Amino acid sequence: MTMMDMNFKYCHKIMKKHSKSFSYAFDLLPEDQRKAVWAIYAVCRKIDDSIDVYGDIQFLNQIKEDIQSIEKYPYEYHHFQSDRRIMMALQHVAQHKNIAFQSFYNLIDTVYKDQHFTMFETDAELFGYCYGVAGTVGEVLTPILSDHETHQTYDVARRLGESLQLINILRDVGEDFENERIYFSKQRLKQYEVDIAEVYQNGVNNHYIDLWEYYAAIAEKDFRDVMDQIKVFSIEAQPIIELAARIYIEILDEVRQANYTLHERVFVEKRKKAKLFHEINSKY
């Protein structure tokens, strides 16, 4: 294996460690496309984890400067300040694909902002957050997952990303609360008469379930709209994206089956993923 092979294998390790679902689906892409996804995934993960390395924005600033170096001089040799393996792989991708760098900067700005997290007043603010951490990622992936990017391709990829984030939120209510984070909006919490701290201590109730299902209906409708527009993506990526999406839709049912528990993280069995892919592939 070459040095560059090693860099990509490391990016892959980071992705599989963080998400079995996404790795399962994306590893099914053709070699050059899946490697590009690994690199983008590893960069975004490093960004999300950056603050906790020392406890401030040092490492994140270094990541940002590395990405700016690649943007400005794609073909020059760089001595990277952050994670060399990841940045070398990213640069390799950037030489072959049109990366939306401002989308990385948007993600980084969202992470900076998260240092002074205050709850969202409205769902509009929640959805803006979903764009920031996940719609941005869809934008970056767009040139990898489509042959000819148009505004529709970015729109669909952005919507998919934001739907996946909403599902993450719906899965992780309990864990996020423990980490002093609540992502449901103050408007919606008040409208449904829900107090997460109260639910965390005393268990689910009908008001909570209604609030949860309100957001779940949103994620579900977005997912359906992505599915109706699946053809914006390359023929090879279409079944993979459908699979990633369908696995995440299944997380919602796992939550329901676990009675919306705030005290464990539910998941889709690896064997159940394989089943969904069989069902999808047949159609392809």
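The first residue of the shown sequence is 1; numbering continues from there.
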Counting only other entries that model residues on either side, is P239 absent from the coordinates in at least a third?
no
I40: absent from a third or more of the other PDB entries compared?
no
Got a sec? Mean C-alpha B-factor, which is higher, 151 to 159 or 168 to 176?
151 to 159
Averaging CA B factors per stretch from the PDB record, which one is higher: 232 to 240 or 34 to 42?
232 to 240
Out of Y183, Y75, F127, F104, residue topping the C-alpha B-factor column of the entry
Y75
Which third, lowest, middle or highest, does the CA B-factor of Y131 fall in along this chain?
lowest
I63: which third of its chain by C-alpha temperature factor?
lowest
Which third, lowest, middle or highest, does the CA B-factor of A216 fall in along this chain?
lowest
Considering only modelled residues of the same chain, in which third does the CA B-factor of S82 rank: lowest, middle or highest?
middle
Within this chain, which third does the Cα B-factor at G203 fall in: lowest, middle or highest?
highest
